[PDB]
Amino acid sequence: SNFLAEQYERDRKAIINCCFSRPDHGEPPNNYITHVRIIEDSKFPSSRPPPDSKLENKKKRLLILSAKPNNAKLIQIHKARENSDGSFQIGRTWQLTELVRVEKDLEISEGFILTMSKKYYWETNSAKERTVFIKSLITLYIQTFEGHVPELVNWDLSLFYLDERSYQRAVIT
């Protein structure tokens, strides 16, 4: 009934407990912002997987947005996974300034492409989860880099409270 929101709170509490609670050796940990569950195809990581990609290729992962503790303007993107014992663990980290292009898959309601140095194809579990997370990602970018946006491909600009006029004035291109 209300499983989506309730599982988001469990994931949030567990992500914070496993990844954003113990200090390093030696700032305090980063500050969690948001996350989303994703499907990653290990054979087709950079483009839309063909329909006949076997299910063994599909891996359960998560994308996480966080901020450095002493600088709320330094945002990082993380890819995480659930270990066999249930612990969450971050495996890959980008700086938000690396995000250059964000594209919506016109044929798959859950798919999207993020471009840093490489292209990364992922899918959310549902169509609504792609809309909410990408809105959070772009909104956080405009706020972080003072009215700038990465290149946006095939999105409704009103999702980010933009129009064609304000997008052209703000895009990094």
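Throughout, we count residues from 1 along the sequence that is shown.
Count the deposited residues lacking coordinates between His25 and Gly26 and you get 1 to 3 of them. The mean C-alpha temperature factor is higher for 17-25 when 152-160 and 17-25 are set side by side.
Checked against the record, the higher mean CA B factor of 99-107 and 83-91 lies with 99-107. Looking at the C-alpha B-factors along this chain, the one for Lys59 belongs to the highest third. In the deposited entry, the Cα temperature factor of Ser46 sits in the middle third of values across the chain's modelled residues. Among all modelled residues in its chain, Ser117 ranks in the middle third by Cα B-factor. Split the chain's modelled residues into thirds by C-alpha temperature factor. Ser126 is in the middle one. When the modelled residues of the chain are ordered by C-alpha B-factor, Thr144 sits in the middle third.
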